[PDB]
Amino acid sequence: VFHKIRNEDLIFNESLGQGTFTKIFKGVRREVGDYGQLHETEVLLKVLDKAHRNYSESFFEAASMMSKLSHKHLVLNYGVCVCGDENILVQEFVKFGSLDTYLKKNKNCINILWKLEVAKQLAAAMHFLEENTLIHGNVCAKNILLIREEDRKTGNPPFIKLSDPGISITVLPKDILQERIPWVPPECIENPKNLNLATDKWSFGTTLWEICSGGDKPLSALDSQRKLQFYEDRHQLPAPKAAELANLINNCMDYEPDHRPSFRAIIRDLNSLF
């Protein structure tokens, strides 16, 4: 399972935000690194809400999935803190934060080549998970972290990482799942038992829409019931202004789960634009 980190070696600093039933903090970890050298390491601290301790099993399982695998595009888990009654995950601190905020604030300063490079990296991470038959379950721009910005001294591309999915949608309350439309696929709204590898293909299409839409949230103007009726009438998301990926978005967001393309095919589609 996880590595145990003493709270004496952990300092909680600024709050970065809130997840689903969690609070997110920037922290510092005091550790012995390679060659016995003492290090002061920036860490991300995810604390499960005390009013939602019942989700602790799903809270830690979501991080345990990512730790059992090793890949350059997956966020590293350092371990779990020992505070007695608290549930605290200690993860690597990515310096440029989540993709969805980065897309908003750098709206004008992002062309199609930047978005394609990030899309290819996300597709590579999802292909890696698909080859391991591992279901993420919460693919969204919020859960994409920017390790490195694009460098214009070289043209060096940005580098992204995919974080853990958090508390699974199989146990989340109904109202939370419907707030997550259109990231949650239609078959999961009908029955969260339908969580499948095909789920991540749908959510990837929604995340691709986010990347092309400069940080806009799809269907944000619709309330929950209107989000449900969006699936009932089986509508598709509007084509983004930068519409080079609109066909891939709709292909991924197929209402028939069996027809959504494999990430091998998605990558091939992505690579057809250079």
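Note that the rigid core is defined as the largest set of C-alphas that superpose within 1.5 Å between two forms. Numbering starts at 1 and runs along the sequence shown.
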RMS over structures and residues, CA atoms, rigid core fit in 4 other deposited structures of this protein: 59-67 vs 37-45, larger is 59-67
Comparing 96-104 and 81-89 where Cα RMS over structures and residues is taken in 4 other deposited structures of this protein (core fit), larger one | 81-89
Please work out which of 263-271 and 1-9 has the higher mean CA B-factor as recorded in the PDB entry.
-> 1-9
200-208 versus 110-118 - greater average Cα B-factor per the deposited record = 110-118
Candidate set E130, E190, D164, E92 [ranked by C-alpha B-factor, highest] | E190
From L237, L69, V28, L45, which pick has the Cα B-factor that tops the rest in the entry?
-> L69
Is the Cα B-factor recorded for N143 in the lowest, middle or highest third of its chain?
-> lowest
Lowest, middle or highest third of the chain for the C-alpha temperature factor of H136?
-> lowest
Classify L99 as lowest, middle or highest third according to the C-alpha B-factor given in the PDB entry, relative to its own chain.
-> middle
Binned into thirds over the chain's modelled residues, the C-alpha B-factor of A63 lands in the highest
Would the CA B-factor of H73 place it in the lowest, middle or highest third of its chain?
-> lowest
